[PDB]
Amino acid sequence: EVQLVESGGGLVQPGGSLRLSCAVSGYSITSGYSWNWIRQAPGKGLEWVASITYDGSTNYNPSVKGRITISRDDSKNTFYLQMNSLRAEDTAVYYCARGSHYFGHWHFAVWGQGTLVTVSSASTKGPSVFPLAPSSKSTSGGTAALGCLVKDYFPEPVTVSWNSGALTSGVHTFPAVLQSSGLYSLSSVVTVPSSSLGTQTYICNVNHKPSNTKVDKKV
Amino acid sequence: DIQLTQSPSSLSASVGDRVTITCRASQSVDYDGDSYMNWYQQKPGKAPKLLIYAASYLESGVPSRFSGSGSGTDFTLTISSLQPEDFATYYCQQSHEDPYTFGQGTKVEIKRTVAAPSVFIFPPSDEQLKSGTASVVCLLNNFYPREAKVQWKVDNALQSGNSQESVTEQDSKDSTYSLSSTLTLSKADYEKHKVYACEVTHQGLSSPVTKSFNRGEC
């Protein structure tokens, strides 16, 4: 019943500033012992950066010493992360998380979904979506593959579902690859019964928030 | 200040097998008899999930197959019997001193029986061709192990430096992987050739498998 939902992710100019927010639901921020931000560079690895205690005490990882401000708004049931003088090193998925009243406090049982922050001089570019049409050459056994090619976008990430999330079984959405152009390209496929290709409609729903691009492609 | 080192960095194991992962701190995380080491599980595209707190306590709602032990500077996460849904990166985290720190993560894969790829190939769309480029896509579906070789051939010329591939994480459904290779060419180059082939070599195939098509049926 307690969810952490985050906003403020996206493209940021090197030297610029970011402002993340974690909106708490099903729980009062004031009841929390601790609220936190933890980031993870795409490469991998988790890093705690900041915390605010229920009394308002703030704490920061020296790794980002003096360019961070954790704060909260009790009437909004929300807390915030602000950083400035952003470097490429600051590109990471940023997670909010709740600490505990028990057992040393500083372990996190509740997290938000995370938001990606990309620090780059490049500009946003929405993707093109092309069909990956079923064929006899995509029908090996009594089962056919079709998909969508989400090509030439920046920055990450892109969201891909099928039939408005109604079709999950057999769906593979691949990790984006970075092209020599500096743009990202990604494919999503779904294996389905070849006997339903004539009677069932298949729509991949593509979302790229950074460019405000949404596409629904029938294949 | 305070450095945690896990081992191994990566491991692969048969379903049901016991799995143990080590965490070593640079200083003690002991305090009032309690040990402030924690363990997280992170599945792809997900926030870390807390498994163990205070070295040995099972977090509510986590399966009993996961357990923690240790104290001072030596800590152990164990999974009694590895389940398919257990593929993930596992982290240890000390909560004794600020700058709260994590281990580098241990990657855990389920080792299943060999399963050969199902290969599919997709021609460029006319929609894309009008844009001046042609992407050809090859799909290798549900295979194990992860390693696979994909060769692109255009009228039997081996293409190199011309394509990119991506591999899904392990699917818990059946412990396989999938892989997408995309061959990119100019429309001009695409229109000038006929035979587009995707050749695949995998441990599960006695010999390579080639899926192809001829432009004019694309």
# chains A, B, ... in the order shown; residues from 1 in each chain; ligands from 1
>>> closest_atom_pairs(of="chain B", to="chain A", cutoff="9 Å", atoms="only C-alpha atoms", output="tab-separated table")
residue	atom	partner	partner_atom	distance
B:34	CA	A:103	CA	8.4
B:36	CA	A:104	CA	7.0
B:37	CA	A:107	CA	8.8
B:38	CA	A:107	CA	6.9
B:45	CA	A:113	CA	8.7
B:46	CA	A:113	CA	6.8
B:47	CA	A:113	CA	5.9
B:48	CA	A:111	CA	7.6
B:49	CA	A:109	CA	6.9
B:50	CA	A:109	CA	5.4
B:51	CA	A:109	CA	8.6
B:53	CA	A:107	CA	7.1
B:54	CA	A:103	CA	6.6
B:59	CA	A:109	CA	8.2
B:91	CA	A:46	CA	8.6
B:93	CA	A:107	CA	7.8
B:94	CA	A:107	CA	8.1
B:95	CA	A:106	CA	5.1
B:96	CA	A:104	CA	7.2
B:97	CA	A:106	CA	8.8
B:98	CA	A:61	CA	7.5
B:99	CA	A:61	CA	5.1
B:100	CA	A:48	CA	6.1
B:101	CA	A:47	CA	6.7
B:102	CA	A:46	CA	6.3
B:103	CA	A:45	CA	7.8
B:104	CA	A:45	CA	5.8
B:105	CA	A:45	CA	6.9
B:118	CA	A:140	CA	7.3
B:119	CA	A:140	CA	7.5
B:120	CA	A:138	CA	4.5
B:121	CA	A:138	CA	5.9
B:122	CA	A:132	CA	6.0
B:123	CA	A:132	CA	7.7
B:124	CA	A:132	CA	7.8
B:125	CA	A:131	CA	6.3
B:126	CA	A:130	CA	8.9
B:127	CA	A:130	CA	6.8
B:128	CA	A:130	CA	6.6
B:135	CA	A:149	CA	8.9
B:137	CA	A:132	CA	7.9
B:139	CA	A:189	CA	8.4
B:141	CA	A:191	CA	8.9
B:164	CA	A:177	CA	7.0
B:165	CA	A:177	CA	7.3
B:166	CA	A:175	CA	5.8
B:167	CA	A:174	CA	6.5
B:168	CA	A:174	CA	5.6
B:169	CA	A:174	CA	8.7
B:178	CA	A:172	CA	7.6
B:179	CA	A:174	CA	7.6
B:180	CA	A:174	CA	7.1
B:182	CA	A:187	CA	8.9
B:211	CA	A:137	CA	7.1
B:212	CA	A:137	CA	7.5
B:213	CA	A:137	CA	7.5
>>> select_by_dssp(residues="region 8-144 of chain A", states="strand (DSSP E or B)", output="PyMOL selection string")
chain A and resi 10-12+18-25+34-40+46-53+58-60+68-73+78-83+92-98+110-112+115-119+125+128-132+144
>>> closest_residue(among="B:56, B:207, B:83, B:156", to="residue 174 (chain B)", atoms="only C-alpha atoms")
B:83
>>> residues_around(residues="residue 35 (chain B)", least_positions_apart="3", cutoff="8 Å", atoms="only C-alpha atoms", output="list in words")
residues 29, 30, 31, 54, 55, 70, 71 and 72 of chain B
>>> write_last_selection(atoms="N, CA and C atoms", output="CSV table (one decimal), in the first residue's frame")
chain,number,residue,atom,x,y,z
B,29,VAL,N,31.5,-4.2,11.3
B,29,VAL,CA,30.2,-3.6,11.3
B,29,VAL,C,29.4,-4.1,12.5
B,30,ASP,N,30.1,-4.6,13.5
B,30,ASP,CA,29.5,-5.0,14.8
B,30,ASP,C,29.1,-3.8,15.7
B,31,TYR,N,28.0,-4.0,16.4
B,31,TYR,CA,27.6,-3.0,17.3
B,31,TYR,C,26.6,-3.5,18.3
B,54,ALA,N,20.4,-6.9,9.4
B,54,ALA,CA,21.2,-7.3,10.6
B,54,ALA,C,21.8,-8.6,10.5
B,55,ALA,N,22.4,-8.9,9.3
B,55,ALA,CA,23.3,-10.1,9.0
B,55,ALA,C,22.5,-11.4,8.9
B,70,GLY,N,27.2,-14.6,9.7
B,70,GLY,CA,28.4,-13.9,9.7
B,70,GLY,C,28.4,-12.8,10.8
B,71,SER,N,29.6,-12.2,10.9
B,71,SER,CA,29.7,-11.2,12.0
B,71,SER,C,31.1,-10.5,11.8
B,72,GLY,N,31.2,-9.3,12.4
B,72,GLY,CA,32.5,-8.6,12.3
B,72,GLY,C,32.8,-8.1,10.9
>>> closest_residue(among="B:15, B:25, B:114, B:197", to="residue 1 (chain B)", atoms="only C-alpha atoms")
B:25
>>> residues_around(residues="region 210-219 of chain A", least_positions_apart="6", cutoff="10 Å", atoms="only C-alpha atoms", output="PyMOL selection string")
chain A and resi 9-11+123-134+146-150+153-164+197+201-204
>>> write_last_selection(atoms="N, CA, C and O atoms", output="short mmCIF file (atom, residue, chain, number, x, y, z; two decimals), in the first residue's frame")
data_model
loop_
_atom_site.label_atom_id
_atom_site.label_comp_id
_atom_site.auth_asym_id
_atom_site.auth_seq_id
_atom_site.Cartn_x
_atom_site.Cartn_y
_atom_site.Cartn_z
N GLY A 9 13.35 12.95 -13.88
CA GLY A 9 14.42 12.32 -14.64
C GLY A 9 14.52 12.90 -16.03
O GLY A 9 13.63 13.65 -16.47
N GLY A 10 15.60 12.59 -16.74
CA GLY A 10 15.74 13.04 -18.11
C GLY A 10 17.11 13.55 -18.52
O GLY A 10 18.13 13.17 -17.93
N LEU A 11 17.11 14.39 -19.54
CA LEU A 11 18.34 14.96 -20.09
C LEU A 11 18.75 16.19 -19.31
O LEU A 11 17.93 17.05 -19.01
N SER A 123 21.32 16.50 -27.85
CA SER A 123 19.94 16.94 -27.67
C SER A 123 18.98 15.76 -27.80
O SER A 123 19.35 14.70 -28.30
N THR A 124 17.74 15.95 -27.36
CA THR A 124 16.77 14.86 -27.44
C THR A 124 16.33 14.62 -28.87
O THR A 124 16.24 15.54 -29.68
N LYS A 125 16.07 13.35 -29.19
CA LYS A 125 15.59 12.96 -30.50
C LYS A 125 14.63 11.79 -30.34
O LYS A 125 14.99 10.77 -29.74
N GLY A 126 13.41 11.95 -30.83
CA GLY A 126 12.42 10.89 -30.75
C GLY A 126 12.74 9.77 -31.73
O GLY A 126 13.44 9.99 -32.72
N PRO A 127 12.24 8.56 -31.45
CA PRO A 127 12.58 7.41 -32.28
C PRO A 127 11.66 7.28 -33.48
O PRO A 127 10.57 7.86 -33.49
N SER A 128 12.10 6.54 -34.48
CA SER A 128 11.20 6.04 -35.53
C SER A 128 10.81 4.62 -35.14
O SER A 128 11.63 3.87 -34.61
N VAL A 129 9.56 4.25 -35.39
CA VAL A 129 9.12 2.88 -35.11
C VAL A 129 8.74 2.16 -36.40
O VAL A 129 7.83 2.59 -37.11
N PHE A 130 9.44 1.07 -36.70
CA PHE A 130 9.19 0.30 -37.92
C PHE A 130 8.72 -1.13 -37.60
O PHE A 130 9.09 -1.70 -36.58
N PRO A 131 7.91 -1.72 -38.49
CA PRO A 131 7.41 -3.07 -38.26
C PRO A 131 8.50 -4.13 -38.38
O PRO A 131 9.43 -3.99 -39.18
N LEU A 132 8.38 -5.18 -37.57
CA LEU A 132 9.17 -6.40 -37.72
C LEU A 132 8.14 -7.46 -38.07
O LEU A 132 7.72 -8.24 -37.21
N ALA A 133 7.72 -7.48 -39.33
CA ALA A 133 6.55 -8.25 -39.73
C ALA A 133 6.78 -9.75 -39.72
O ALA A 133 7.87 -10.23 -40.03
N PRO A 134 5.74 -10.49 -39.33
CA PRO A 134 5.71 -11.95 -39.36
C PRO A 134 5.94 -12.42 -40.78
O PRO A 134 5.60 -11.71 -41.73
N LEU A 146 6.98 -11.64 -34.38
CA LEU A 146 6.85 -10.33 -34.98
C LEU A 146 7.35 -9.34 -33.95
O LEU A 146 7.52 -9.69 -32.79
N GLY A 147 7.60 -8.11 -34.37
CA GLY A 147 8.08 -7.13 -33.42
C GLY A 147 8.06 -5.71 -33.89
O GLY A 147 7.46 -5.38 -34.92
N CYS A 148 8.72 -4.85 -33.12
CA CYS A 148 8.88 -3.45 -33.45
C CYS A 148 10.34 -3.05 -33.35
O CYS A 148 11.05 -3.46 -32.43
N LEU A 149 10.78 -2.24 -34.30
CA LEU A 149 12.11 -1.66 -34.25
C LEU A 149 11.99 -0.18 -33.85
O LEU A 149 11.40 0.63 -34.56
N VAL A 150 12.52 0.14 -32.67
CA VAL A 150 12.49 1.51 -32.17
C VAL A 150 13.86 2.12 -32.40
O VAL A 150 14.80 1.88 -31.64
N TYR A 153 16.89 7.13 -31.26
CA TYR A 153 16.42 8.04 -30.22
C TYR A 153 17.52 8.40 -29.23
O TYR A 153 18.53 7.72 -29.14
N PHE A 154 17.31 9.50 -28.51
CA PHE A 154 18.22 9.94 -27.47
C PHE A 154 17.49 10.88 -26.51
O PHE A 154 16.73 11.74 -26.94
N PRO A 155 17.71 10.71 -25.19
CA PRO A 155 18.56 9.69 -24.58
C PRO A 155 17.70 8.51 -24.17
O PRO A 155 16.52 8.49 -24.52
N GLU A 156 18.27 7.54 -23.45
CA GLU A 156 17.46 6.49 -22.83
C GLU A 156 16.56 7.14 -21.79
O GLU A 156 16.85 8.25 -21.35
N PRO A 157 15.48 6.47 -21.39
CA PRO A 157 15.06 5.14 -21.85
C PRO A 157 13.84 5.21 -22.75
O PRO A 157 13.23 6.26 -22.89
N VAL A 158 13.45 4.07 -23.30
CA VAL A 158 12.21 3.98 -24.03
C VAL A 158 11.35 2.85 -23.44
O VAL A 158 11.86 1.81 -23.02
N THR A 159 10.04 3.09 -23.38
CA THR A 159 9.11 2.12 -22.84
C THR A 159 8.36 1.37 -23.93
O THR A 159 7.85 1.97 -24.88
N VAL A 160 8.28 0.05 -23.80
CA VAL A 160 7.60 -0.74 -24.83
C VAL A 160 6.69 -1.83 -24.27
O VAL A 160 7.15 -2.75 -23.60
N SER A 161 5.40 -1.71 -24.57
CA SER A 161 4.42 -2.74 -24.23
C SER A 161 3.70 -3.23 -25.49
O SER A 161 3.87 -2.66 -26.58
N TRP A 162 2.90 -4.28 -25.34
CA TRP A 162 2.12 -4.79 -26.45
C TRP A 162 0.64 -4.86 -26.11
O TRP A 162 0.26 -5.34 -25.05
N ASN A 163 -0.18 -4.36 -27.02
CA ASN A 163 -1.62 -4.30 -26.79
C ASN A 163 -1.96 -3.70 -25.43
O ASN A 163 -2.75 -4.26 -24.67
N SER A 164 -1.35 -2.56 -25.14
CA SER A 164 -1.65 -1.81 -23.94
C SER A 164 -1.39 -2.65 -22.70
O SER A 164 -2.11 -2.56 -21.71
N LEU A 197 -2.36 -14.91 -36.74
CA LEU A 197 -1.85 -13.74 -37.46
C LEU A 197 -2.91 -13.08 -38.33
O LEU A 197 -2.80 -11.89 -38.65
N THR A 201 -5.01 -8.86 -33.66
CA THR A 201 -4.29 -7.63 -33.95
C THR A 201 -3.19 -7.44 -32.92
O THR A 201 -3.39 -7.66 -31.73
N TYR A 202 -2.01 -7.06 -33.39
CA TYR A 202 -0.87 -6.88 -32.51
C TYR A 202 -0.32 -5.46 -32.64
O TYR A 202 0.15 -5.05 -33.71
N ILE A 203 -0.39 -4.72 -31.54
CA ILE A 203 0.01 -3.32 -31.50
C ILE A 203 1.09 -3.13 -30.43
O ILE A 203 0.84 -3.37 -29.25
N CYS A 204 2.27 -2.71 -30.84
CA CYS A 204 3.28 -2.35 -29.86
C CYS A 204 3.16 -0.86 -29.53
O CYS A 204 3.09 -0.01 -30.42
#
>>> atom_distance(atom1="CA of residue 85 (chain A)", atom2="CA of residue 207 (chain A)")
29.2 Å
>>> residues_around(residues="region 66-72 of chain A", least_positions_apart="4", cutoff="12 Å", atoms="only C-alpha atoms", output="compact mmCIF listing (two decimals) with C-alpha atoms, in the first residue's frame")
# COMPACT_ATOMS: atom_id res chain seq x y z
CA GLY A 15 27.16 21.78 -15.52
CA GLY A 16 23.40 22.00 -15.13
CA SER A 17 21.23 20.97 -12.20
CA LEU A 18 18.68 18.22 -11.55
CA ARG A 19 15.58 18.19 -9.36
CA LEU A 20 14.12 14.82 -8.53
CA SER A 21 11.00 14.27 -6.48
CA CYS A 22 9.71 11.20 -4.65
CA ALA A 23 5.96 11.31 -4.10
CA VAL A 24 4.92 9.08 -1.21
CA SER A 28 2.97 9.78 5.72
CA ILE A 29 6.51 11.03 5.05
CA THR A 30 6.47 12.27 8.64
CA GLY A 32 9.12 7.61 8.05
CA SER A 34 14.42 8.24 7.12
CA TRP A 35 14.12 9.06 3.42
CA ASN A 36 16.97 8.54 1.01
CA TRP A 37 18.39 8.83 -2.47
CA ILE A 38 20.53 6.07 -3.92
CA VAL A 49 24.13 9.83 -1.55
CA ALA A 50 21.73 11.50 0.86
CA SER A 51 19.25 11.09 3.70
CA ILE A 52 16.77 13.16 5.70
CA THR A 53 15.61 12.04 9.15
CA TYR A 54 12.12 12.60 10.59
CA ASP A 55 13.45 15.50 12.67
CA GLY A 56 14.91 17.13 9.57
CA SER A 57 18.59 16.24 9.99
CA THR A 58 20.27 15.86 6.60
CA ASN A 59 23.26 13.72 5.68
CA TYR A 60 25.35 13.51 2.51
CA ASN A 61 27.87 11.18 0.91
CA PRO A 62 31.14 13.13 0.63
CA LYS A 76 2.84 17.53 -0.31
CA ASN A 77 3.92 14.20 1.21
CA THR A 78 6.99 14.48 -1.02
CA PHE A 79 10.77 14.79 -0.74
CA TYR A 80 13.33 16.04 -3.22
CA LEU A 81 16.81 15.70 -4.53
CA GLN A 82 18.69 18.64 -5.98
CA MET A 83 22.18 18.60 -7.42
CA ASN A 84 24.04 21.07 -9.59
CA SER A 85 27.32 21.33 -11.50
CA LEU A 86 26.36 17.98 -13.02
CA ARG A 87 29.09 15.88 -14.63
CA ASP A 90 26.36 11.85 -12.46
CA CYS A 96 14.34 7.11 -3.49
>>> select_by_dssp(residues="region 81-172 of chain A", states="helix (DSSP H, G or I)", output="number ranges by chain")
A: 88-90, 136-138, 163-165
>>> write_last_selection(atoms="N, CA, C and O atoms", output="short mmCIF file (atom, residue, chain, number, x, y, z; two decimals), in the first residue's frame")
data_model
loop_
_atom_site.label_atom_id
_atom_site.label_comp_id
_atom_site.auth_asym_id
_atom_site.auth_seq_id
_atom_site.Cartn_x
_atom_site.Cartn_y
_atom_site.Cartn_z
N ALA A 88 29.24 14.08 -16.25
CA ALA A 88 28.83 12.82 -16.87
C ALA A 88 28.79 11.72 -15.82
O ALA A 88 27.93 10.85 -15.85
N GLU A 89 29.74 11.78 -14.88
CA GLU A 89 29.81 10.86 -13.75
C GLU A 89 28.50 10.78 -12.97
O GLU A 89 28.29 9.87 -12.17
N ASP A 90 27.62 11.75 -13.20
CA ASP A 90 26.36 11.85 -12.46
C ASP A 90 25.21 11.15 -13.18
O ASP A 90 24.10 11.03 -12.65
N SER A 136 6.99 -16.39 -43.20
CA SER A 136 7.31 -17.81 -43.14
C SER A 136 8.73 -17.95 -42.58
O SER A 136 9.05 -18.93 -41.90
N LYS A 137 9.56 -16.94 -42.84
CA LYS A 137 10.94 -16.93 -42.36
C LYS A 137 11.05 -16.43 -40.91
O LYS A 137 12.15 -16.36 -40.34
N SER A 138 9.91 -16.11 -40.31
CA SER A 138 9.83 -15.83 -38.88
C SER A 138 8.88 -16.83 -38.23
O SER A 138 8.48 -16.66 -37.08
N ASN A 163 -0.18 -4.36 -27.02
CA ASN A 163 -1.62 -4.30 -26.79
C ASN A 163 -1.96 -3.70 -25.43
O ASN A 163 -2.75 -4.26 -24.67
N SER A 164 -1.35 -2.56 -25.14
CA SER A 164 -1.65 -1.81 -23.94
C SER A 164 -1.39 -2.65 -22.70
O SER A 164 -2.11 -2.56 -21.71
N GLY A 165 -0.35 -3.47 -22.76
CA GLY A 165 0.04 -4.28 -21.62
C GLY A 165 -0.80 -5.54 -21.46
O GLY A 165 -0.66 -6.26 -20.48
#
>>> atom_distance(atom1="CA of residue 167 (chain A)", atom2="CA of residue 85 (chain B)")
20.5 Å
>>> atom_distance(atom1="CA of residue 143 (chain B)", atom2="CA of residue 117 (chain B)")
4.7 Å
>>> residues_around(residues="residue 161 (chain B)", least_positions_apart="6", cutoff="12 Å", atoms="only C-alpha atoms", output="VMD selection string")
(chain A and resid 179 to 180) or (chain B and resid 151 to 152 182 to 185)
>>> closest_residue(among="B:78, B:89, B:22, B:175", to="residue 66 (chain B)", atoms="only C-alpha atoms")
B:78
>>> residues_around(residues="residue 199 (chain B)", least_positions_apart="5", cutoff="6 Å", atoms="only C-alpha atoms", output="JSON, numbers by chain")
{"B": [150, 151, 209, 210]}
>>> write_last_selection(atoms="C-alpha atoms", output="compact mmCIF listing (two decimals), in the first residue's frame")
# COMPACT_ATOMS: atom_id res chain seq x y z
CA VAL B 150 25.83 -14.57 -35.24
CA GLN B 151 27.24 -13.95 -38.70
CA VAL B 209 21.84 -22.60 -38.86
CA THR B 210 21.16 -20.10 -41.63
>>> closest_residue(among="B:65, B:193, B:202, B:187", to="residue 153 (chain B)", atoms="only C-alpha atoms")
B:193
>>> decode(residues="region 122-145 of chain B", atoms="C-alpha atoms", output="short mmCIF file (atom, residue, chain, number, x, y, z; two decimals), in the first residue's frame")
data_model
loop_
_atom_site.label_atom_id
_atom_site.label_comp_id
_atom_site.auth_asym_id
_atom_site.auth_seq_id
_atom_site.Cartn_x
_atom_site.Cartn_y
_atom_site.Cartn_z
CA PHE B 122 13.20 -9.75 -40.64
CA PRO B 123 13.66 -7.65 -43.79
CA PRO B 124 13.62 -3.85 -43.58
CA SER B 125 10.18 -2.22 -43.81
CA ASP B 126 9.29 -0.11 -46.85
CA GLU B 127 8.50 2.61 -44.33
CA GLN B 128 12.17 2.66 -43.28
CA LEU B 129 13.59 2.18 -46.78
CA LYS B 130 12.03 5.47 -47.86
CA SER B 131 14.03 7.11 -45.07
CA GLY B 132 17.21 6.03 -46.85
CA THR B 133 18.38 3.27 -44.50
CA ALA B 134 17.75 -0.46 -44.16
CA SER B 135 17.93 -2.38 -40.89
CA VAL B 136 17.84 -6.16 -41.09
CA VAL B 137 16.94 -7.96 -37.88
CA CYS B 138 17.81 -11.46 -36.70
CA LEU B 139 16.16 -13.01 -33.63
CA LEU B 140 17.60 -15.93 -31.64
CA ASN B 141 14.88 -17.12 -29.32
CA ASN B 142 15.04 -19.07 -26.04
CA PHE B 143 18.50 -20.62 -25.90
CA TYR B 144 21.08 -21.70 -23.34
CA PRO B 145 23.86 -21.03 -22.61
#
